[PDB]
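To start, the structure under review is shown below, and the notes come after it.
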Amino acid sequence: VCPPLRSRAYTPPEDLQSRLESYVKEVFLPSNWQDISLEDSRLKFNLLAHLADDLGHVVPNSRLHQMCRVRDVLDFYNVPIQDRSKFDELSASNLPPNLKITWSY
Amino acid sequence: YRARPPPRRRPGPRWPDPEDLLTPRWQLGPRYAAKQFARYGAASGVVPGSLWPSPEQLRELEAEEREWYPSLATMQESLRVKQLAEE
Amino acid sequence: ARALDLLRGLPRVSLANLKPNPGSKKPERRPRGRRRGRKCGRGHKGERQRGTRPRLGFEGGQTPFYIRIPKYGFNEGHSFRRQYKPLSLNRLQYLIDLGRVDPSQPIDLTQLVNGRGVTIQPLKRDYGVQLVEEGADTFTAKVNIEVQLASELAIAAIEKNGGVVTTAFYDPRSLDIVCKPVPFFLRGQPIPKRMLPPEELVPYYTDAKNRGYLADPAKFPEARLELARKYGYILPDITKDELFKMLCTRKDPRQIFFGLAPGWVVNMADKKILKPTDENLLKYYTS
Amino acid sequence: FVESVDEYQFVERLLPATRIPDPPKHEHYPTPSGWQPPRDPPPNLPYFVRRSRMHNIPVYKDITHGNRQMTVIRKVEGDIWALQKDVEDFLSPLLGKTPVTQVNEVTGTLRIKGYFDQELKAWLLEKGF
Amino acid sequence: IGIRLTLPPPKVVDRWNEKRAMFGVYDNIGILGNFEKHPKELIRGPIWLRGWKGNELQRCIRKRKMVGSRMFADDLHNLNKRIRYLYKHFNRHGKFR
Amino acid sequence: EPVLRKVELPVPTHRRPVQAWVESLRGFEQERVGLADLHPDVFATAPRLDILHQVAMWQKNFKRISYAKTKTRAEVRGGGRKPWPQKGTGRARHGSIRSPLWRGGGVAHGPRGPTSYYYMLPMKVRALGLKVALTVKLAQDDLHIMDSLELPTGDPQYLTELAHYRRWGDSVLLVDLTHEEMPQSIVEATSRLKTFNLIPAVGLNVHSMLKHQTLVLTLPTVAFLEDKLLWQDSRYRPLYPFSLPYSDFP
Ligand SMILES: [Mg+2]
Ligand SMILES: [Mg+2]
Ligand SMILES: [Mg+2]
Ligand SMILES: [Mg+2]
Ligand SMILES: [Mg+2]
Ligand SMILES: [Mg+2]
């Protein structure tokens, strides 16, 4: 059976650095954990799979190779993405009183 | 859908029936058999001894060689006599 | 790359987004409209608009240029002249350096072609490869090379580097087989004999100064010493070299491939070599 | 009449190779023909010039109309604009004027008016491409 | 009046029928199959122009050469006449020489 | 246990392998069962949309044989005699009732016979087109790597629901290594679907890759494609057709 479709909206959690470093400690230690290199497939997979399971938002294949460091992973996960359609994006943008937008789709 | 099975070369030798009138003549001679043997080895079913000239063919080849390709000694003798005449 | 990021941002690439590279598709010009219609670029009356102007080279009745010039034998017998693809020592050294030609084994036309150092067209009356002195002053490879022609300077360079060069003849059929052996082996024919040079070429290949493959080997040391003296280098005694056997290997004058005799059939399908045993066939293939 | 044997080594010797062999290791460079492998590690420049499948520098003379002489640096990766700046700097003293060039950012090529194949090959060798 | 007064019956195209869906498959049979088969061997059509292209004169010469003996009498006569006409046109008419 | 794939072929020193999530079709949620390293020269080449267009048009047109034919004035029935004399009749001059000017006459410049549009791009160009298509799918997040095409059931509804749940496109091109080894479950599922098309690796092409929104590859297919496409780089001039024996070519 098809579960409810996963909403693509994603808001980075406030304690994102703390959660990320906890996961990094779980997977891999040294100072400046931001600069830990993810060159190892095992470690990269463990970290990214844990993060995806926890936050409900995975690194796409397109960006996957760019995650050279935990700093890159943090950058990817601290940028929000909204799944609202253009209809919402326009209507909920403080339309002036003389502008009316209707959608028949 | 699912793709139809990929086109593949017909495996093994292809032996056309000589009785059929539509079989091209180049597919019935010994050269076709020789090429089939070269391509497929023992699976061809071509008797390997057929790849060499039969005695009449060998006689024809030898006659042609004697007629057109002289021996090194004959060539050298002709060259020597030509040089002698020119000198 | 930033281009792939731009793709990630852009809409999906589909069959509705495709465009030819600008400048690769000229517009088609067709005779409709004011500028390309009416007379449609053909002029006004006369044979040129009618489409019936005389043949190319016709000069209106005046004796044509290409006919008023006397006939001369510039191209007489062109299709029977022998052609030899040049192989400069520069090119040979380049191939050896890039490992496309292995100097540790005898270098013959087959090895040159397999390394793609030369392209032979027997159908275009190529009779083989001629060594060319170009690059001699920087040639530093010890090689055992078999060619069809060789310049004196090229021989000198080859020998000074401690190698051996021999000029070997090939008839068109043997040359085709040597250049492309695999297709010949797929033809399923016994390996033919290598024919002897024509009478005009016999002296060249029997002369030791050319390192002819039919020349008396007794005269080779004298010729090599003469070249060493002429070009001011000390002749290295290759017999002392640890590759002397390789430098000495020479296929028999009637042999096309080094280790294969005339008359053998190469069954590549099952990695075998069938050899005739009939006395008549053996005598023929040894003659 | 027929006698089979396994002397197939002399046929394996005739079989040609489909893949271009990697150049053998040489004790001393540049090689007598002048060839030189790219340095290891690669230079840290913003751009990279990959060698041709023959392991040569991809710098080619080109001619059009019988009088337009050009030189093309073809297999460029990275900042083709950084490469263009470097090429202009390297070539202006030779010409006395900044060379006129075209940057095909799509195909990753740099086309320079005039023949500079030898100079650009030497320059790229020095840079270690 | 050279205009129809009613809309034509709607034309419905199934972009995902089997033919369109599998179009192009095995076009890379060679480069992806050790070159056992050339892509032109995938071409289904007249025997005389499978994996070959030419102008009309060359096409007619090839057709006569390859299936001329199997052609009907008047079709072959028409082909011979067409070859003759095309020879005359291509070798004697035209703007360029 | 993660399914981790490494790049078998040598990778250029200046380039790092691109990466993809190895997924599985066994469950709606099995979106990350491993990590695959994909050769950068096959999955991160330049976005040559012009080459994509070249290869797509070659695919569309090289097989084309138009069967349109019209009758010339020679082949139209009749029309031998001059309809009426040159002079005296008061009518226009004509030489046969089948000239193009006449109703029912021949077509002056019509489609002539079955015409082929055959032409071959260089095989290097076609292989480059395949590489560019793969890079484009990966970069646009339409490429998904599966460990295998095995399905829990052969029900097409399961496959459609899986695609919808994973937010795949309306159309999916599933690719498996060889025709014979394709799992029976996926074979059954895709035999009844129109927009989910299952092909062997040897059938992969730019046209179908573009027609289908998402491209699903198996790990063996990825290895196979990398090998075949990278071989085009670093190969000599052909001495003779590659079908013939070579020292190192299967
Ligand atoms: Mg005008
Ligand atoms: Mg007029
Ligand atoms: Mg006039
Ligand atoms: Mg050019
Ligand atoms: Mg008539
Ligand atoms: Mg009609």
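Protein chains in written order, with the authors' numbering: chain h, 51 to 78, 82 to 158; chain q, 25 to 111; chain M, 10 to 296; chain g, 38 to 166; chain i, 32 to 128; chain F, 45 to 294. We put the CB at the ideal spot given by N, CA and C, even for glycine.
With burial defined as no fewer than 16 other Cβ atoms inside 10 Å of the residue's Cβ, what is the status of residue i: buried or exposed?
{"i": "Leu140/M", "result": "buried"}
{"i": "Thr47/q", "result": "exposed"}
{"i": "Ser68/F", "result": "buried"}
{"i": "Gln107/q", "result": "exposed"}
{"i": "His251/F", "result": "buried"}
{"i": "residue 295/F", "result": "Because residue 295/F is not part of the residues shown, which for chain F are 45 to 294, the question remains open."}
{"i": "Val137/g", "result": "exposed"}
{"i": "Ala104/i", "result": "exposed"}
{"i": "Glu155/M", "result": "buried"}
Give me, in chain order, the residues of the same chain whose beta-carbon lies closer than 7 angstroms to that of residue i; leave out the 5 immediate sequence neighbours on both sides.
{"i": "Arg111/g", "result": "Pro95, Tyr97 and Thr146"}
{"i": "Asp116/g", "result": "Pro83 and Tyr84"}
{"i": "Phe293/F", "result": "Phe286"}
{"i": "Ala100/F", "result": "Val250, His251 and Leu254"}
{"i": "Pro192/M", "result": "none"}
Cα separation between residue i and residue j?
{"i": "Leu48/F", "j": "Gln74/F", "result": "15 angstroms"}
{"i": "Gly172/M", "j": "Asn93/g", "result": "27 angstroms"}
{"i": "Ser89/g", "j": "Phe166/g", "result": "11 angstroms"}
{"i": "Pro54/F", "j": "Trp118/g", "result": "28 angstroms"}
{"i": "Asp154/g", "j": "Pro230/M", "result": "44 angstroms"}
{"i": "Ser33/M", "j": "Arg92/F", "result": "14 angstroms"}
{"i": "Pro289/F", "j": "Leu291/M", "result": "29 angstroms"}
{"i": "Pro36/M", "j": "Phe127/i", "result": "21 angstroms"}
{"i": "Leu172/F", "j": "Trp275/F", "result": "11 angstroms"}
{"i": "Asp141/h", "j": "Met107/g", "result": "55 angstroms"}
{"i": "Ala64/F", "j": "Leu82/F", "result": "7 angstroms"}
Please list the terminal residues of the continuous alpha helix (DSSP H) segment that includes residue i.
{"i": "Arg57/M", "result": "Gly55 to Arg59"}
{"i": "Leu55/h", "result": "No alpha helix (DSSP H) holds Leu55/h; DSSP gives it neither H nor E."}
{"i": "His97/F", "result": "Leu93 to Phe106"}
{"i": "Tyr242/M", "result": "Element bounds for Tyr242/M: n/a, residue is neither H nor E."}
{"i": "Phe129/h", "result": "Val123 to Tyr130"}
{"i": "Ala62/q", "result": "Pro54 to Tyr64"}
{"i": "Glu119/F", "result": "It is not in any alpha helix (DSSP H) - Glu119/F carries neither H nor E in the DSSP assignment."}
{"i": "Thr98/q", "result": "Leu96 to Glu110"}
Whose Cβ in chain M lies nearer than 9 angstroms to the Cβ of residue i?
{"i": "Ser115/h", "result": "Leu13, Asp14, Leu16 and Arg17"}
{"i": "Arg128/i", "result": "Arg62, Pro63, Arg64, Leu65, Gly66 and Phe67"}
{"i": "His108/i", "result": "What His108/i touches in chain M: nothing, since even the nearest Cβ is about 27 angstroms away."}
Enumerate in chain order the residues of its own chain whose CB-to-CB distance from residue i is below 8 angstroms, with the five nearest sequence positions on each side excluded.
{"i": "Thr262/F", "result": "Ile189, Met190, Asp191, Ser192, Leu193, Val219, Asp220 and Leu221"}
{"i": "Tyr93/M", "result": "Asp135, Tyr136, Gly137, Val138, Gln139, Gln157 and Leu158"}
{"i": "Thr128/M", "result": "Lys94 and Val122"}
Using a C-beta to C-beta distance shorter than 8 angstroms, which residues of chain q count as neighbours of residue i?
{"i": "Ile60/i", "result": "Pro30 and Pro31"}
{"i": "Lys68/i", "result": "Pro31, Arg32 and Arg33"}
I want to verify the contact list: residues of chain F whose CB lies under 9 angstroms from the CB of residue i, in sequence order.
{"i": "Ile117/g", "result": "Under the 9 angstroms cutoff, chain F gives no residues; its nearest Cβ is about 11 angstroms from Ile117/g."}
{"i": "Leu195/M", "result": "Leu288 and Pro289"}
Going along chain M in order, which residues have a C-beta closer than 8 angstroms to the C-beta of residue i?
{"i": "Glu86/q", "result": "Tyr293"}
With a threshold of 6 angstroms on Cβ separation, who are the neighbours of residue i within its own chain once the five nearest residues in sequence on each side are excluded?
{"i": "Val111/h", "result": "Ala105"}
{"i": "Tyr75/M", "result": "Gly66"}
What residues of chain q sit near residue i, judged by a beta carbon separation below 9 angstroms?
{"i": "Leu205/M", "result": "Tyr93, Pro94, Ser95, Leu96 and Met99"}
{"i": "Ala52/i", "result": "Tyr25"}
So residue i is in the beta strand (DSSP E); what residue range does that whole segment cover?
{"i": "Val22/M", "result": "Segment: none, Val22/M is in no beta strand (DSSP E) and carries neither H nor E."}
{"i": "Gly78/F", "result": "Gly78 to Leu82"}
{"i": "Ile282/M", "result": "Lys281 to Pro285"}
{"i": "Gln87/h", "result": "First-last for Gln87/h: undefined, no H or E at that position."}
{"i": "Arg46/i", "result": "Taken as a continuous stretch (DSSP letters only), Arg46/i belongs to no beta strand (DSSP E), as it is neither H nor E."}
{"i": "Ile149/g", "result": "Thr146 to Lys150"}
{"i": "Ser235/F", "result": "Looking at the DSSP string, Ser235/F is not in any beta strand (DSSP E); the run it does join, the alpha helix (DSSP H), is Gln228 to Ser235."}
Who are the neighbours of residue i on chain i, taking C-beta pairs under 9 angstroms?
{"i": "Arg51/M", "result": "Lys126"}
Name the chain M residues whose beta carbon is nearer than 7 angstroms to that of residue i?
{"i": "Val180/F", "result": "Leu16 and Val22"}
Strictly below 9 angstroms CB to CB, what residues from chain h border residue i?
{"i": "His58/F", "result": "None at all; the shortest Cβ gap to chain h is about 14 angstroms."}
Identify the contact partners of residue i in chain h, using a Cβ-Cβ distance below 7 angstroms as the criterion.
{"i": "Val62/F", "result": "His118"}
Along chain h, in chain order, which residues have C-beta atoms closer than 8 angstroms to that of residue i?
{"i": "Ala183/F", "result": "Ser115"}
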